[PDB]
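# Let's see this in three dimensions:
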Amino acid sequence: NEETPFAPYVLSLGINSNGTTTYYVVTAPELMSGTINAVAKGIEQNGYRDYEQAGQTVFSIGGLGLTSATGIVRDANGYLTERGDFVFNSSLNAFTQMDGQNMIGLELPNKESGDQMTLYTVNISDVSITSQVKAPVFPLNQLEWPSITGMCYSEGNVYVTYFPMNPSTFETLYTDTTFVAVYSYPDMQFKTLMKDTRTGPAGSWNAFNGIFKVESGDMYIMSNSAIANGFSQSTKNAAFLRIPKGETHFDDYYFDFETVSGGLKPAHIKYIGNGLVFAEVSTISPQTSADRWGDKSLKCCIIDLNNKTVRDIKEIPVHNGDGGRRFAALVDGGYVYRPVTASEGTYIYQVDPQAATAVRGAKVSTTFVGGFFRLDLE
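Numbering: from 1, shown residues only. Next comes the structure:
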């Protein structure tokens, strides 16, 4: 065993061998030198996995056939171990933290796959379903079947960002409206369908990038309408809007990202703190049908929501994104760390968010990084 006990940093290394992607959840004692790898260390996880952290639990969420999420925690000996099992029916369309002890997870049933969706309440420390409730899909499918891009909990309301998409043709014919559906917790009664016409739908296909909460409890949405991230068309400039804490309207905030960036669209976002967002931003302009789904040629930027500015991190090379999955970026010790997979290989880059400058760190022997966390002992 080459695992270093109590090594804080957790990386899920996605490694392509003979066509198949296998995940190795490894730890690293530091991020700035050495080589992070899965030689003689790691929790091997087969199948499609994506990763989300809450508290000191990393959830390994199975996909493409796998219908469970598994906890990963640090045991008292300093080693990672698997803990618990949350079984769902088909796919976990959204998953977000409700409070210090609980996640909520939303699962859709097309219109023939069922009529009701399910909200699961999952205990973080036990990794187990505490309660579950059913709700109609409508009005999420009023125009077309929804494609869910995020979920947030605020003061007893559940907020769901989505865009309509025909599940068989993949057409996204409705891009002129931001949609946020709002439900009451715990019963999932429908409260309101928020609409806004200053930008397009929030988030993009399976990218978990539609909505996020900041220190005040306010929420922001991100619209990119990006063909490169899965839309079939684009009609309105990429932008951020804001929902006041616990409320059900958009306020006067509006950040025209697309014009400030000189015509570009964000692909992936992570809130850093203090109004700053770390982002991968497509350098393709205009994106066309030839770019669709590719998530190619991204740069890294700091987005300042307070001042409505965009600053390029010039030391990070242009690189292709990981597509429709969660953004593997780690906010740690006042920096943001991002594995950058490019022609030279994969390296962790340490980003100073105030200066918008980066330092190259550890090399990572992997195909891509599927998750990136700091896990302490509880």
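
# Please enumerate the strands of the stretch 51-200 of the chain.
With DSSP state E, counting those that start in this stretch as the criterion, the stretch 51-200 of the chain has strands at 57-63, 68-74, 80-87, 94-99, 102-107, 116-123, 128-136, 146-154, 157-164, 178-184, 190-196.

# pull the CA atoms of the first one into CSV?
Read that as strand 57-63. Presented in CSV, the C-alpha positions along strand 57-63 are these (Å, rounded to 0.1, in the frame of the first residue of the first chain):
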residue,chain,number,x,y,z
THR,A,57,-18.4,12.9,3.0
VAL,A,58,-17.5,12.5,-0.6
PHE,A,59,-20.5,11.0,-2.5
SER,A,60,-19.5,8.7,-5.4
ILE,A,61,-22.7,8.9,-7.6
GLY,A,62,-23.0,6.1,-10.1
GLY,A,63,-24.3,6.7,-13.6
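
# quick one: strands adjacent to it?
Strand 57-63 sits in its sheet next to strand 48-54 (antiparallel), strand 68-74 (antiparallel), going by DSSP bridges.

# same thing with the fourth one?
Applying DSSP bridges, strand 94-99 is found paired with strand 102-107 (antiparallel).

# contacts for the partner strand?
The contact list for strand 102-107 (Cβ atoms under 8 Å, 6 or more residues apart in numbering) reads 54, 59, 69, 86, 88-98, 117-124, 130, 148, 151, 153, 158, 160, 185. C-beta: built from backbone N, CA, C; applies to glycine.

# Those residues, buried ones only, as a ChimeraX selection?
For the buried members of the contacts of strand 102-107, the matching ChimeraX selection, counting by 16 or more other Cβ atoms under 10 Å, is:
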select :54,59,69,86,88,91,92,93,94,95,96,97,98,117,118,119,120,121,122,123,124,148,151,153,158,160,185
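
# Okay, the most far-flung residue of the chain relative to its centre and residue 193: tell me how far apart.
In the chain, the greatest distance from the average C-alpha position (Cα atoms, centre = their mean) is reached by residue 1, at 31.7 Å. Taking Cβ to Cβ, to the nearest Å as the measure, residue 1 falls 53 Å from residue 193.

# what do you get for residue 26?
43 Å.

# got it, and residue 113?
Counting by Cβ to Cβ, the gap from residue 113 to residue 193 is 22 Å.

# And residue 85, by the same measure?
Distance from residue 85 to residue 193, by Cβ to Cβ: 35 Å.

# how much space between the closest residue to residue 376 other than its chain neighbours and residue 120?
With Cβ to Cβ, 6 or more residues apart in numbering as the criterion, residue 376 has its nearest non-adjacent residue at 5.8 Å, and that residue is residue 56. Computed as Cβ to Cβ, the residue 56 to residue 120 distance reads 20 Å.

# can you check residue 109 too?
As judged by Cβ to Cβ, residue 109 and residue 120 stand 14 Å apart.

# before we move on, what about residue 353?
34 Å.

# Check residue 148 too.
For residue 148, the distance to residue 120 - Cβ to Cβ - is 14 Å.

# For the closest residue to residue 264 other than its chain neighbours, the count of nearby residues, please.
Closest residue to residue 264 apart from its sequence neighbours, by Cβ to Cβ, 6+ apart: residue 281 at 5.2 Å. Residues contacting residue 281 under the criterion other Cβ atoms under 10 Å number 23.

# you'd agree residue 281 is up against residue 298?
Yes: with contacts counted by Cβ atoms under 8 Å, residue 281 reaches residue 298, the gap being 6.3 Å.

# anything in contact with each of these two?
Shared contacts of residue 281 and residue 298 (Cβ under 8 Å, 6+ apart): residue 267.

# what residues are up against the residue farthest from the centre of the chain?
By Cβ under 8 Å, 6+ apart, the neighbours of residue 1 are 40-41.

# returning to that earlier point: mind checking which of the strands of the stretch 51-200 of the chain is nearest residue 289?
Residue 289 lies closest, by Cβ to Cβ, to one member of the strands of the stretch 51-200 of the chain: strand 157-164, at 17.3 Å.

# CA atoms of that closest one as PDB?
Taking Å, rounded to 0.1, in the frame of the first residue of the first chain, the C-alpha atoms of strand 157-164 are listed here in PDB:
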ATOM      1  CA  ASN A 157     -37.800  26.400  -0.700                       C
ATOM      2  CA  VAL A 158     -36.300  24.000  -3.300                       C
ATOM      3  CA  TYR A 159     -35.100  25.700  -6.500                       C
ATOM      4  CA  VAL A 160     -34.500  23.700  -9.700                       C
ATOM      5  CA  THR A 161     -32.800  25.100 -12.800                       C
ATOM      6  CA  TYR A 162     -33.400  23.400 -16.100                       C
ATOM      7  CA  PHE A 163     -33.900  23.800 -19.800                       C
ATOM      8  CA  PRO A 164     -36.400  22.100 -22.100                       C
END
